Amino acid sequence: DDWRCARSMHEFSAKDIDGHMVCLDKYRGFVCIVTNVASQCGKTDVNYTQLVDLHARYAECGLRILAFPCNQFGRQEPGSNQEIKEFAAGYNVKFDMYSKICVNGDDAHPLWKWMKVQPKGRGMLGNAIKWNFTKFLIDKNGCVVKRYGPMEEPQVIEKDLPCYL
């Protein structure tokens, strides 16, 4: 449980939604949105729609999106990885979908433990993830540069991208 001493997202690995383990150093050079998703949330439609749009408009400019399904917020992600994959398909998702994880507590994925402690990943009312669709913006070196809350629609991140692209 060495995660705290990591200096970059690129030191971490996670299982993609098809179960392949992926080393996140593949995102070196790319700016990344890392977000916790859910299918049965009141924010699901606006977030999937705008994330997909952003990725369509900025992938060639070096934007990548990592989506981590999580069922800790109102039980709004109850389905299997297979089902979640098909649900993301329904929104024409072409960014990267990961296997369902926890983001809070002792069994949280270590990337998520790490993000939450970074200087620009610190929360309001403590560091915990508060609800579905929190977003962290990660620079080309894998450092956290910003955190946006559940109610900050992905389009608000667009004005921040030229600082990093």
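When you see a residue number, it is the position in the sequence shown, counting from 1.
Enquirer: For the stretches 122 to 130 and 40 to 48, which has the higher mean C-alpha B-factor as given in the deposited record?
Expert: Mean B over CA atoms: larger for 122 to 130.
Enquirer: Comparing average C-alpha B factors as deposited, tell me which of 89 to 97 and 76 to 84 sits higher.
Expert: If you average the C-alpha B-factors of 89 to 97 and of 76 to 84, the larger mean comes out for 76 to 84.
Enquirer: Whose CA atom has the top B-factor in the entry, of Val22, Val144, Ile157, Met151?
Expert: Spelled out: the listed residue with the top C-alpha B-factor is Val22.
Enquirer: Lowest, middle or highest third: where is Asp106 by C-alpha B factor in its chain?
Expert: It belongs to the highest third of the chain when residues are ordered by C-alpha B-factor.
Enquirer: Looking at the entry's B-factor column for C-alpha atoms only, identify whether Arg57 ranks in the lowest, middle or highest third of its chain.
Expert: CA B-factor rank for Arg57: middle third.
Enquirer: Among the modelled residues of its chain, does the C-alpha B-factor of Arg64 lie in the lowest, middle or highest third?
Expert: Lowest third.
Enquirer: Is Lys135 in the lowest, middle or highest third of its chain when residues are ranked by C-alpha B-factor?
Expert: Ranked within chain, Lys135 CA B lands in the lowest tercile.
Enquirer: Where does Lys26 sit by CA temperature factor within its chain: lowest, middle or highest third?
Expert: Tercile = highest for this residue's CA B-factor.
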